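# Show me how the following folds:
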Amino acid sequence: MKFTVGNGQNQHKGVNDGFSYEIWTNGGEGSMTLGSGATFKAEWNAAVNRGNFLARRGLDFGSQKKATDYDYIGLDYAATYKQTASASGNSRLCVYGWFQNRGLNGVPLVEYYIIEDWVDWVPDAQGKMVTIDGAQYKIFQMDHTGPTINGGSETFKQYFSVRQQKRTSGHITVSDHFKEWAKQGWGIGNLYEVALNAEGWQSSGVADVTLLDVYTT
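Numbers count the residues shown, from 1 in each chain. Sure, structure below:
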């Protein structure tokens with residue numbers, strides 16, 4: 001089952017087997033092919049000025065409770081991921097989601113990234129190295145202004161963990177990243193979703209996610 005963007009429709013989002021799916025582009029083309037469960041394969045050609053593409057699948061949490069209230073959140077994945085063109089472009093493979101702050105006081109709206117692999121460029125800022133799942137990640141936060149899960153342009157926060165040693169398979173203790181961000185004093189809203197995300201800016205490539213499991217205990 002395939003969903004194509006950049007040829008009439010710029011987005012498709014839905015659910016299958018209890019896991020979300022979403023593909024979107026501005027100015028590129030691409031497709032996502034679902035597999036069982038949360039698995040999928042995606043391909044994009046957006047190696048054009050301001051070409052932008054995303055494909056992601058994940059577990060919705062309903063924005064019900066503080067992300068760090070969940071005792072354990074695991075994500076296990078295996079993928080092949082390749083960038084094949086770059087017009088001064090880049091891409092990343094990452095865990096992705098939001099902390100919703102609707103109804104919450106003195107808490108920011110957060111889009112978060114746990115970046116496992118990237119090509120040519122990755123976000124960076126003054127940050128701190130931490131050890132999670134036996135591996136080094138740099139954590140930092142930054143302002144961003146743009147469209148949001150809530151509607152049009154606003155100024156919100158992005159939280160990042162960037163894996164120092166790139167990889168395309170393994171176990172992520174997603175709840176340990178949330179704890180590390182919490183330890184910095186950063187505000188933590190209600191968990192919207194936990195997804196695995198392939199995105200590309202002014203690039204082309206493929207991500208074939210053959211294993212993807214997201215769970216909470």
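# in the host helix or strand of residue 97, what counts as buried?
Using DSSP states H and E, residue 97 sits within strand 73-100. Taking 16 or more other CB atoms under 10 Å as the basis for neighbour counts, the residues of strand 73-100 that come out buried are 73-75, 77, 79, 81, 83, 85-86, 89-100. From N, CA and C alone the C-beta is placed, and that goes for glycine too.
# helices and strands around it, which ones?
Here strand 73-100 is seen to pack against strand 52-60, strand 110-119, strand 169-173, helix 174-183, strand 190-191, strand 193-216 when contacts are counted using 3 or more CB pairs under 8 Å, 6 or more residues apart in numbering; DSSP states H and E.
# Make a markdown table out of these and add mean neighbour count and distance to residue 153.
Listed next are those as a markdown table, based on neighbours: other CB atoms under 10 Å; distance: least, CB to CB, whole Å:
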| stretch | mean neighbour count | distance to residue 153 |
| --- | --- | --- |
| strand 52-60 | 24 | 16 |
| strand 110-119 | 22 | 13 |
| strand 169-173 | 16 | 31 |
| helix 174-183 | 20 | 24 |
| strand 190-191 | 24 | 22 |
| strand 193-216 | 22 | 18 |
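# So residue 12 sits against residue 20, correct?
No. Using CB atoms under 8 Å, residue 12 is not in contact with residue 20; the gap is 11.3 Å.
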